[PDB]
Amino acid sequence: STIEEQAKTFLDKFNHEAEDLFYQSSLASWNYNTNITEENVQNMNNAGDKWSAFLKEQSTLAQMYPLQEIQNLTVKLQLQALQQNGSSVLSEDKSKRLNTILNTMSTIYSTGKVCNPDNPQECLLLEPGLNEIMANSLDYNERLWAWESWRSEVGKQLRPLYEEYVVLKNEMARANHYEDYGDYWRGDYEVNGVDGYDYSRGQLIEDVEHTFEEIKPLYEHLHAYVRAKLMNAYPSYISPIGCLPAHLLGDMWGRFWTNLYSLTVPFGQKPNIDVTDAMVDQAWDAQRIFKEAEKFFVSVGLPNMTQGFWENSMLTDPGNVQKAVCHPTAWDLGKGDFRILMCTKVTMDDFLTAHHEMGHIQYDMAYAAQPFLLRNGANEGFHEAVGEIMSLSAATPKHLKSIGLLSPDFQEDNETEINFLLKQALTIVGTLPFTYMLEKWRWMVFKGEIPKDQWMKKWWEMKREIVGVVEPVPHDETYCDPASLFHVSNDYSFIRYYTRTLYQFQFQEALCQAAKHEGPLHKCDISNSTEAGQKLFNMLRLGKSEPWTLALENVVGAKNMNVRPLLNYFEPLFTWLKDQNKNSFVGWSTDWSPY
Amino acid sequence: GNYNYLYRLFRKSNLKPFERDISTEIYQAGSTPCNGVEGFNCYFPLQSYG
């Protein structure tokens, strides 16, 4: 007769009614991804339309339930997650124009066009092309030309579209009784209604800034080392005091620096730890890889795979008989069935991607003991970090030689360890300042701190001051440079990767100290430790029922987001970088634009 | 999806041991009387399984 009983009844009814629809939609999506035909796409579209109609219908009845007369935290969180208006508090024409702009931007970004001059052909799509030209090439002219073309052709063309998109998003955020769109995106890490464990929505910016202030020395040393190693490759192209150019970062946008491992390798005569050729010499396939991954997961304390996991997963590419996407995805159906869609090869990266997907499935099975409104990770970075930590811990030579991949008589030299640490640095920390700068730019352009003009000017001044990247060609106030990414042109956040990076080292240090292991962290294997596995299993069962601060305190023992584990992990590499940068210049300076 | 098996979900009181109920009256969670039709707090008692 009270509000609590009616709220619980409505929540139970919604959870019982939406599970079947979600399972049908997931099955349709699986049938579409595993079989590209004219009927699967129609079935998936119909399922998506039905799900959208159901979600829109089950929102007005949930909004009627008040939130200020609730004593249960779980019911309040479920109602807050269900009463999300989103794109509903707006006008018809405004929402239609916003959807049209989103769709046309997505199509323009997905299609793409090269259209090289003085050539009536060779105007390719996002298929193989400028990617490998900007990744594994050493020519300055073609790289500069590609970096200019990709930013001038898919750039200023979407400037008014992006302006209207930002304006409409700010209007939607302000019309929902909330602050600007930046605050709406930051509200994902908001914790209210809990005494002691409350986390302010604005404290996230201060925490990120405090972590970046301590990351700054390591990133500066890494940038100095990269510049010193690059000056020997491009004579009279990079100054030891200036900043590195944009098109010489091994990436179209300079996000990942994985392609610089072949040019910045200190010991080029020492082989890596690639055990790909060791598996092809004997009977090994995707089934054996998944069996070894399950054996590694059960050695910590995680349960085994489900019965439907081994009879429904398509771990082998069927070939030309049918079209199927080979993108590694973790399917969470919600009815006890869990399967992974991946064309697992006998390579090395797939060996860790399989463990990543298995950790995702483990987290799914862990939080599957909650209602539908809570069957998800704590934040948008924990679900990926749970698999990322396992993929990082499974790539150790000790685990490979214990399974039977690496030879037991293989010596553990320090050159290979330094090379592995440098590769991990280039693949992890190389995107942290870029992500931070992009997120700060999005926050300042959504809040209102940046006027309508002077967007690219402030973008480049931040990329020169905060980041160590400089543009090779000057761009006026008409080009649209930041809109060249996928997350910006499709309304996707970027702080999730930064949170995952700041949480993975903490989780690794916690799971290593829980097993009573001595020595450095880069060689600490999470195996044969039941206490750490039990702690991780108890922590993953929280999900969205409890705040992420309580989960971090239960898995680590901290109430904030710290970066000290990252420093403790990179200290063996930080000391080596300090010793190598003794006869060089540390840091970078501004006012060195190659104009 | 097999929608042939159903189950009773909403009730106003606990059942006695070895008791079987046949009436399928709509449940009422609020003070508003349910006039035989669904509404804000008027839900169907029987729910199907998947």
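The residues of chain B that appear here are 447-496 by Swiss-Prot count, in order.
Here the Cβ of each residue, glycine as well, is placed from N, Cα and C on the backbone.
The annotation disulfide bond is assigned in Swiss-Prot to B:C480-B:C488 on the grounds of experimental evidence. A strand conformation is recorded for B:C488 (disulfide bond) in the three-state DSSP classification. Cβ contacts within 10 Å of B:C488 (disulfide bond), excluding its own Cβ and spanning all protein chains shown: 17.
Tertiary proximity for the region 'Immunodominant HLA epitope recognized by the CD8+' (B:448-456) is limited to same-chain residues at least six positions away from its ends with a CB under 8 Å from its CB atoms, namely 467, 473, 489-496. The region 'Immunodominant HLA epitope recognized by the CD8+' annotation in Swiss-Prot covers B:448-456 and is backed by experimental evidence.
The region 'Disordered' feature in Swiss-Prot is assigned to B:455-490; the stated evidence is a curator's inference.
Using a 10 Å radius centred on the Cβ of B:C480 (disulfide bond) and all shown protein chains, the other Cβ atoms total 17.
Residue counts of the region 'Immunodominant HLA epitope recognized by the CD8+' (B:448-456) by helix, strand and coil are 0 helix, 3 strand, 6 coil (DSSP-based).
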